[PDB]
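Novice: Provided herewith is a single structure, encoded as structure tokens, for subsequent inquiry.
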Amino acid sequence: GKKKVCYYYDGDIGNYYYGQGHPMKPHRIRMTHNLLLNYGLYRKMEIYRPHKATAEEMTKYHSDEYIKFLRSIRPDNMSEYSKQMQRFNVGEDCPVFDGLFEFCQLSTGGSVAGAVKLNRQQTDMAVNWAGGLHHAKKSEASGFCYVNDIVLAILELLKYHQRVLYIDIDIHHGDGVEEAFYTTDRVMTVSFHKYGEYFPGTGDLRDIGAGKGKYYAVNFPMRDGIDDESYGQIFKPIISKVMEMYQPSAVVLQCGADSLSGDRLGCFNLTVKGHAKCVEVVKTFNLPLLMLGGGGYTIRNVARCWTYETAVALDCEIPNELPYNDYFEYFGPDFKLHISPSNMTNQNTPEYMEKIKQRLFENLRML
Ligand SMILES: CCCC[C@H](NC(=O)[C@H](C)c1c(C)[nH]c2ccc(O)cc12)c1ncc(-c2cc3ccccc3nc2OC)[nH]1
Ligand SMILES: [Ca+2]
Ligand SMILES: [Ca+2]
Ligand SMILES: [Zn+2]
């Protein structure tokens with residue numbers, strides 16, 4: 008049936024700024040919120056403002072030293088932390104910016120709060136578009152991510168769920184999450200990503216977990232230009248097999264929008280409908296589900312994607328004609344919700360897709 012949806016958002020999230028020319032733009036979270044408000048999707052959800060996650064909540068995963076550094080570093084005192092910046096990988100892809108720690112607190116607060124709501128059986132779905140920062144490591148920032156809100160949310164789900172399934176459709180390998188749970192069978196991580204001469208350089212289909220975690224990490228490496236057809240020939244069959252074999256009791260779905268056609272950093276060719284089909288597929292299993300954001304660097308498309316995925320979560324049909332909103336000019340020249348794929352070549356032949364799917368199916372038989 009239709010499901011209850013709780014949505015997490017802080018009105019200040021859009022004001023955090025990574026710096027001039029940096030592709031990560033928290034403003035896209037505010038564009039998403041304003042678009043979904045203007046479509047009237049607020050009348051259908053319970054809207055919550057997440058608390059600022061404490062350093063203590065963050066150290067359930069991250070090292071005390073790394074969290075202490077994040078809570079301390081500021082653009083005005085950076086000069087005194089030259090040593091720690093190198094140690095914790097802060098200052099290149101992951102710059103020091105005003106309110107960095109508060110931004111991490113809000114991103115994490117939404118994911119953890121959503122997991123608590125699911126644990127209490129008070130919602131069917133919890134949504135936190137400011138979360139999904141899957142690259143952060145135990146004691147290091149990485150790929151525009153500082154605090155791994157996903158790992159923290161999964162640890163919260165593990166208090167009441169024996170097995171948790173994590174699915175990541177961001178164009179980049181979900182390395183921080185996979186690494187956190189690499190040697191456990193209590194979390195199965197499934198990542199679909201571009202692999203080959205691309206960040207973070209991990210996620211080979213031969214990375215399948217280790218020790219008790221062997222066969223509990225699944226990686227589907229893809230080439231440039233994947234389209235809705237190709238993604239659609241493999242996503243439902245793999246997720247169906249994972250659901251059958253693993254039988255998770257909760258699911259976390261990272262909906263990174265950098266896998267869409269026309270992304271500033273991505274090289275895939277999915278439309279918003281193609282990307283949202285993943286949400287439709289996962290939602291049909293009727294399991295407690297935490298939906299998170301992630302990458303997405305052509306911000307008009309990120310807002311379209313996450314607004315449509317929120318409509319999918321609510322089983323609410325919304326028109327293609329965009330309603331007027333505070334960022335209406337960003338959606339020109341068409342002012343439509345849905346996007347068209349480009350003419351880029353799909354390097355993922357149908358035979359390649361079937362062959363990788365078959366290799367993963369062999370690994371899934373080992374559960
Ligand atoms: C989602 C995160 C993607 C990160 C990614 N980083 C990298 O590609 C770097 C070189 C990298 C590193 C450190 N490790 C790697 C391992 C494998 C690999 O193939 C690459 C890397 C990135 N792609 C765009 C940028 C980028 C960063 C900027 C920072 C400040 C200002 C402007 C920037 N512009 C950028 O692209 C307009 N960075
Ligand atoms: Ca991924
Ligand atoms: Ca695992
Ligand atoms: Zn990404």
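Each residue of the sequence shown is one higher than the last, beginning at 8 in full-length UniProt numbering. Note that beta-carbon positions come from the ideal geometry of N, C-alpha and C, so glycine has one too.
For the alpha helix (DSSP H) containing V154, list its first residue and its last residue.
Specialist: No alpha helix (DSSP H) holds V154; DSSP gives it neither H nor E.
Novice: I'd like to confirm something about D175: is its beta-carbon nearer than 6 Å to some heavy atom of ligand 1, or not?
Specialist: Result no, Cβ not under 6 Å from ligand 1.
Novice: Can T196 be considered in contact with ligand 3, in the sense that its beta carbon sits closer than 6 Å to one or more heavy atoms?
Specialist: Checking the Cβ of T196 against ligand 3 gives yes.
Novice: List the residues that DSSP assigns as beta-bridge partners of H40.
Specialist: None; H40 has no bridge partner.
Novice: Kindly examine ligand 3 and report whether one of its heavy atoms sits closer than 6 Å to the Cβ of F188.
Specialist: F188: yes, Cβ under 6 Å from ligand 3.
Novice: To test your reading of the DSSP string, which unbroken beta strand (DSSP E) runs of 3 or more residues are found completely within the segment 182-261?
Specialist: Entirely contained in the segment 182-261, the beta strand (DSSP E) runs reaching 3 residues are, in chain order, 194-201, 224-229, 257-261.
Novice: Of all the options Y55, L125, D100, which has the alpha carbon lying nearest to the alpha carbon of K10?
Specialist: Looking at the Cα atoms, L125 is the closest of the given residues.
Novice: Between which two residues does the beta strand (DSSP E) harbouring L172 extend?
Specialist: 171-175 is the extent of the beta strand (DSSP E) around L172.
Novice: Is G218 a contact residue of ligand 2, with contact defined as CB to any heavy atom under 6 Å?
Specialist: Because no heavy atom of ligand 2 lies under 6 Å away, the Cβ of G218 does not count as near it: no.
Novice: Can you tell me whether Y15 is buried or exposed? The criterion is at least 16 other CB atoms within 10 Å of its CB, across all chains shown.
Specialist: The residue in question, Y15, is buried, as its Cβ has 16 or more Cβ neighbours within 10 Å.
Novice: Applying the criterion that 16 or more other CB atoms from any shown protein chain within 10 Å of the CB defines a buried residue, is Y331 buried or exposed?
Specialist: Result: exposed.
Novice: What does the Cβ neighbour count give for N355, buried or exposed, with the cut at 16 atoms within 10 Å?
Specialist: It counts as buried.
Novice: Can you give the Cα-Cα distance for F76 and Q91, rounded to whole angstroms?
Specialist: Looking at the two C-alpha atoms, the distance is approximately 7 Å.
Novice: Just to check, is the beta-carbon of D100 closer than 6 Å to a non-hydrogen atom of ligand 1?
Specialist: Because some heavy atom of ligand 1 lies under 6 Å away, the Cβ of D100 counts as near it: yes.
Novice: Buried or exposed: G28, going by 16 or more other Cβ atoms within 10 Å of its Cβ?
Specialist: So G28 counts as exposed.
Novice: Would you kindly work out how many angstroms separate the C-alpha atoms of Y73 and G339, rounded to a whole number?
Specialist: Roughly 42 Å between the two C-alpha positions.
Novice: Are the CB atoms of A120 and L297 nearer to each other than 7 Å?
Specialist: Result no, Cβ atoms of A120 and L297 do not sit closer than 7 Å.
Novice: On the premise that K280 lies in contact with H345, defined as a C-beta separation below 8 Å, what is that separation, rounded to the nearest angstrom?
Specialist: Sure, about 6 Å apart at Cβ, within 8 Å.
Novice: Quick test of the definition: if touching needs 3 or more C-beta pairs under 8 Å, does the segment 309-320 touch the segment 283-300?
Specialist: Yes, the segment 309-320 touches the segment 283-300.
Novice: Short of 6 Å in beta carbon distance, which residues of its chain neighbour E361, apart from the five on each side in sequence? Order them along the chain.
Specialist: Closer than 6 Å at the Cβ level, and outside the excluded window around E361, lies no residue.
Novice: Under 8 Å by Cβ, that's how I've got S149 and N96 pegged, so tell me the actual separation to the nearest angstrom.
Specialist: With 8 Å as the limit, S149 and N96 qualify as a contact, their Cβ atoms being about 6 Å apart.
Novice: Considering only their Cβ atoms, is the gap separating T278 from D211 smaller than 7 Å?
Specialist: No.
Novice: Determine, using beta carbons only, whether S146 and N135 come nearer to each other than 7 Å.
Specialist: Their beta carbons are not under 7 Å apart, which means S146 does not touch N135 by this criterion.
Novice: Flag this pair as touching only if the segment 241-252 and the segment 181-191 have three or more C-beta atom pairs under 8 Å; answer yes or no.
Specialist: Too few Cβ pairs lie closer than 8 Å, so no.
Novice: Can you tell me whether DSSP reads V134 as helix, strand or coil?
Specialist: Here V134 sits in strand by DSSP.
Novice: List the DSSP bridge partners of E147.
Specialist: Answer is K144.
Novice: Taking only heavy atoms of ligand 4 into account, decide whether any of them is closer than 6 Å to the Cβ of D265.
Specialist: For ligand 4, at least one heavy atom lies less than 6 Å from the Cβ of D265.
Novice: How many angstroms separate the CA atom of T39 from the CA atom of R311?
Specialist: For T39 and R311, the distance between alpha carbons rounds to 7 Å.
Novice: What ranges does the beta strand (DSSP E) occupy inside the segment 13-89, keeping only unbroken runs of at least 3 residues that lie completely in it?
Specialist: Listed in chain order, they are 53-55.
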